[PDB]
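Just the one chain here, the form deposited in one PDB entry, laid out as structure tokens.
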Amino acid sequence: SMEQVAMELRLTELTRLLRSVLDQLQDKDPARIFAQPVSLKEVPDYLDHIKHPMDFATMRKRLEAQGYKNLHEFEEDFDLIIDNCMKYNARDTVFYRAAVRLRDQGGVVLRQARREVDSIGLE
């Protein structure tokens, strides 16, 4: 149908916007602490602590499959990256501190992203 095509165009445009958002968020992690999944070889007990692991590479996979239907779903995954890190790691670690900085700097980006999604009407 023409409607389904229109819906798919909207999703494709959302995916384009979120790809820009993802790139901006990841630029706020130049240490690449959050770039890849935590290794279960190097941290074998990780899943005892963290029930829903997340990282930028896993987000990018979902994004390119157009698996984010709205900005809320994308934000949920970003918050998982931050929140998982701040539970597993103590306050005095480079990991926890990187997550705080990413959260703070990311908030700016996500604030305007919400406005753009609402304005352009992409969801």
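Numbers for residues come from their place in the sequence shown, where the first is 1.
Another form exists, deposited with a small molecule bound; not displayed. Remarks below refer to it.
Residue 89 within 4.5 Å of the small molecule in the bound PDB entry, heavy atoms: So residue 89 counts as contacting the small molecule.
Distance check, residue 71 to the small molecule in the bound PDB entry, heavy atom within 4.5 Å: Flag for residue 71 set to no.
Partner proximity in the bound PDB entry: residue 38 to the small molecule, non-hydrogen atom cutoff 4.5 Å: Heavy-atom contact with the small molecule at 4.5 Å: present for residue 38.
Any non-hydrogen atom of residue 48 within 4.5 angstroms of the small molecule in the bound PDB entry: No, residue 48 sits far enough from the small molecule in the bound PDB entry that none of its heavy atoms falls within 4.5 Å.
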